[PDB]
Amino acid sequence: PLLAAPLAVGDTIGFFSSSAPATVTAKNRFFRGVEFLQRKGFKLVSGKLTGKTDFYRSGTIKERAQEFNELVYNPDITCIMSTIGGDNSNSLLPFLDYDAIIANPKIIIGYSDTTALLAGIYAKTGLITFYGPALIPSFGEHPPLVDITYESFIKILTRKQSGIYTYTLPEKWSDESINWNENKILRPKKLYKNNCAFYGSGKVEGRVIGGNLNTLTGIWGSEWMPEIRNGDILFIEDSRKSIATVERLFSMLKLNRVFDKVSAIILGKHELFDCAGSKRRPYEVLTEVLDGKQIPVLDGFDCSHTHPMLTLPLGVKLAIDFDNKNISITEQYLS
């Protein structure tokens, strides 16, 4: 695989808005994120669409592609970070400079809609990209949860590439929809004990592939969708979806013979899942769709829209030990 250089404190991070114009619509949270990373010692370069709006998006398809490409061309940038997701990053894919990415690999990181770019770039270049923090939703989060997010971010991206890395388990988490873009908090978010579950036995090791499942529908079938291969671990997360939508997306995977290929499935915690009064969780829906197929599942991995968020390299081998209830990165993911 193509590997980027590791991050270091003091490096320059460039940010881009490939979809929603949240540097404008969530300006307070944006400024909190900027200040948070600057206090950590990072220099920040603002993408050319920062502070711009085109109603539902930051700019035209071509302008958004240019914003991203210009960060790739900047030799001072070691990390290219999404500001926020949305709906529209898949539009950029024909216009990204994949050759420039190959020529100067960098850490590319984000989540949700940005999945289209993370997966598309991997498909075209083999670059190991990262499902992880976006500037506004992740680093604009108030303490204490932002600190746990940052701890994972900095650990994953700066650690020495020797031996496996076993993920820490966040003690508490939240998906409560408060303290988004307000300047001062009235109360901290409701905290829940970590209820992640390991369904299966033994150890499973394989290349992790996926991201935001709803977003994957925007690139599915194309040359930008990385091929899922025998032995892959499928990582999928979604946010604020109805149980109806979740069934549809799981069945899509089934129809595509994905469940005949994968060695395990990681379900990210589903932010504010709407069960339609059924009291069913996504895992139960998956179980019905699987129709007897014995695939081990890590249900509730903290790499999703919930806080805090862990950083996950995509396209490298992970080992899930279902007996010891842990998950590790086992393949080198930075140079």
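For every residue, the number given is its place in the sequence shown, counted from 1.
With respect to the recorded C-alpha B factors, which stretch has the higher mean value, 173-181 or 149-157? Mean C-alpha B-factor is greater for 173-181.
Mean C-alpha B-factor higher for 273-281, or for 302-310? Of 302-310 and 273-281, the stretch with the higher C-alpha B-factor average is 273-281.
Which of these has the highest Cα B-factor in the record: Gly200, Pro226, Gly126, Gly218? That would be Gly200.
Could you check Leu93, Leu213, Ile77, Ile109 and tell me which one carries the biggest Cα B-factor in the deposited entry? Of the candidates given, the C-alpha B-factor peaks at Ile77.
Report the third (lowest, middle or highest) to which the CA temperature factor of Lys27 belongs, ranking only the modelled residues of the same chain. Ranked within chain, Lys27 CA B lands in the highest tercile.
Cα B factor band for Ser251 (lowest, middle or highest third within the chain): Lowest third.
Name the third of the chain's ranked CA B-factors that contains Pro143, choosing lowest, middle or highest. As the PDB entry reports it, the C-alpha B-factor of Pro143 lands in the highest third of its chain.
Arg187 - Cα temperature factor, lowest/middle/highest third of chain: Highest third - that is where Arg187 ends up once the chain's C-alpha B-factors are sorted.
Please place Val72 in the lowest, middle or highest third of its chain according to the CA B-factor in the PDB entry. As the PDB entry reports it, the C-alpha B-factor of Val72 lands in the middle third of its chain.
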